[PDB]
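Read through the structure below, which is laid out as structure tokens, and then see the notes.
Hydrogens, waters and symmetry mates play no part in the numbers below; they use all other heavy atoms, side chains included. Chain identifiers are assigned alphabetically (A, B, ...) following the order of the sequence lines, protein sequences preceding nucleic acid strands; residue numbering begins at 1 within each chain.
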Amino acid sequence: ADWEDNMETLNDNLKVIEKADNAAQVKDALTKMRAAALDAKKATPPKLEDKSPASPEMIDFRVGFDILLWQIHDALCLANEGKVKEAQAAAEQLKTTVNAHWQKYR
Amino acid sequence: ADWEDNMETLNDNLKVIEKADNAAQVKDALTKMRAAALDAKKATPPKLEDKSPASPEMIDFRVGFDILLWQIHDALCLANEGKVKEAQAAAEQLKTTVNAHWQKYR
Amino acid sequence: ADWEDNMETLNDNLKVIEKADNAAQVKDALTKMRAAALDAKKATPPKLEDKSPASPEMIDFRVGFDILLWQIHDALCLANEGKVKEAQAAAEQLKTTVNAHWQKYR
Ligand SMILES: [Ca+2]
Ligand SMILES: [Ca+2]
Ligand SMILES: [Ca+2]
Ligand SMILES: [Ca+2]
Ligand code: NA
Ligand SMILES: [Zn+2]
Ligand SMILES: [Zn+2]
């Protein structure tokens with residue numbers, strides 16, 4: 001449900017970044033990604049729906065989103081200094097982390 | 001500090017930022033806000049005292065402080081580059097989020 | 001990695017930062033510290049091995065690594081601006097936090 005919609009939002013803004021030209025477009029898209037990742041962090045993903053809220057699996061899930069958030073931050077920092085090409089290359093690796101998380105927990 | 005005291009710290013420093021003259025005052029206030037938001041993640045609002053510490057409700061509460069922390073980060077990054085007016089405008093957005101969290105959990 | 005090996009990594013990279021000659025070296029060390037701290041967030045330290053993963057003590061432990069992560073970020077923000085000496089001074093606060101965490105949780 002809502003976790004899946006957050007995953008899709010992350011992918012949409014990744015495509016937005018991959019087809020961007022100036023630094024402010026990349027920044028806007030990464031900011032939307034950060035918001036979607038934070039919204040997903042509080043969800044219970046489909047694979048873990050049968051586990052206790054107190055399970056170590058859910059803590060690992062949430063810390064994985066913290067890792068994604070610091071990767072988003074690095075891309076955003078590159079974009080905020082006008083390094084558009086480097087920001088887009090960092091976002092290419094974000095595609096991996098985002099969709100690996102998607103595929104791990106769906 | 002308990003949750004209400006940490007929220008008071010957030011609001012006191014939002015006022016300091018609103019009335020600030022230079023970048024050093026804004027940076028000091030935002031650093032205090034960051035410390036308060038992190039400390040608040042260890043607290044429990046009175047209406048959630050009967051919930052499990054990792055219940056979805058308490059996860060939502062802690063991740064709401066993560067959302068605040070990333071908005072604080074944006075404002076502090078602006079203040080660190082001497083962008084005082086942009087940092088104050090971002091702190092005005094911070095007040096909205098702080099108020100919404102206050103209303104949600106008090 | 002387990003908690004102790006992550007603490008080893010944090011201490012090793014604090015030494016690297018202290019002796020570092022340029023911004024690339026400081027950025028690399030701080031990035032490794034960030035990774036070790038995020039990994040340690042999924043661990044259980046020796047003092048809390050008799051506590052539940054979702055106990056209040058373990059939530060407080062994870063928030064302590066969030067605090068460290070934001071201090072790492074401050075030093076990394078300085079290094080990203082080429083302010084090597086200021087970043088090393090900031091890493092003095094990391095040493096205090098890391099040492100206190102070692103003493104509290106070993
Ligand atoms: Ca009060
Ligand atoms: Ca209640
Ligand atoms: Ca060892
Ligand atoms: Ca060693
Ligand atoms: Na070593
Ligand atoms: Zn947690
Ligand atoms: Zn930053």
Side-chain angles (χ1 to χ4, degrees), chain B residues 1-3 6 9-10 13 23-24 26-46 48-83 86-87 90 94, chain C residues 23 26-27 30-31 33-34 37-38 40-45 47-94 96-98 100-101 104-105:
Chain B
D2 77 0
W3 172 67
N6 283 316
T9 296
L10 293 176
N13 281 286
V26 175
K27 285 178 287 185
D28 179 68
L30 285 164
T31 299
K32 287 166 177 175
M33 290 188 70
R34 193 173 75 188
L38 286 156
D39 192 72
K41 282 181 81 168
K42 302 184 264 199
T44 302
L48 294 185
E49 260 181 285
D50 43 52
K51 302 278 190 178
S52 298
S55 59
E57 293 89 347
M58 283 301 300
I59 299 307
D60 201 3
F61 174 83
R62 284 192 289 273
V63 179
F65 281 107
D66 288 327
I67 291 169
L68 281 177
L69 280 156
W70 284 104
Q71 303 179 358
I72 288 164
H73 158 278
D74 287 359
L76 183 53
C77 167
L78 288 169
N80 285 330
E81 309 167 342
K83 298 173 179 187
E86 292 203 67
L94 268 173
Chain C
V26 177
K27 289 178 309 224
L30 287 166
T31 301
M33 292 186 69
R34 191 176 72 187
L38 284 159
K41 224 180 146 186
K42 292 179 279 194
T44 304
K47 198 190 169 87
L48 301 181
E49 286 289 359
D50 70 337
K51 303 291 174 148
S52 162
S55 64
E57 299 99 322
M58 278 296 300
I59 288 156
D60 293 354
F61 161 86
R62 286 190 287 273
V63 175
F65 271 111
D66 285 332
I67 291 160
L68 181 63
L69 280 162
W70 289 107
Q71 302 183 343
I72 289 165
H73 163 272
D74 294 338
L76 186 54
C77 191
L78 289 173
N80 282 336
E81 295 169 0
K83 305 177 183 174
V84 178
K85 302 305 178 79
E86 289 189 59
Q88 291 171 301
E92 305 281 33
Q93 160 79 85
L94 299 171
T96 294
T97 294
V98 169
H101 186 99
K104 184 176 180 170
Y105 291 121

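Looking at heavy atoms from C-beta onward, C/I59 lies out of side-chain contact with B/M58 at the 4.5 angstrom threshold.
Salt bridge annotation for C/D74-B/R34: present, with a cationic side-chain nitrogen under 4.0 angstrom from a carboxylate oxygen.
A salt bridge (charged side-chain N to carboxylate O under 4.0 Å, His left out) with C/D66 is found for exactly one of B/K41, B/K42, B/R62, namely B/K41.
Residue with the most contacts toward chain C among B/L76, B/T31, B/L69: B/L69 (heavy-atom pairs, distance under 4.5 Å).
The CD atom of B/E81 sits 6.5 Å away from the CD atom of C/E81 when rounded to the nearest 0.5 Å.
Nearest approach of C/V63 to B/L38, heavy atoms of both residues: CG1-O, 3.4 Å. Considering all non-hydrogen atoms of both residues, B/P53 and C/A54 come closest at CB-O, 3.5 Å.
Ring pair C/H73/B/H73 is perpendicular by interplanar angle, where above 60° counts as perpendicular and below 30° as parallel.
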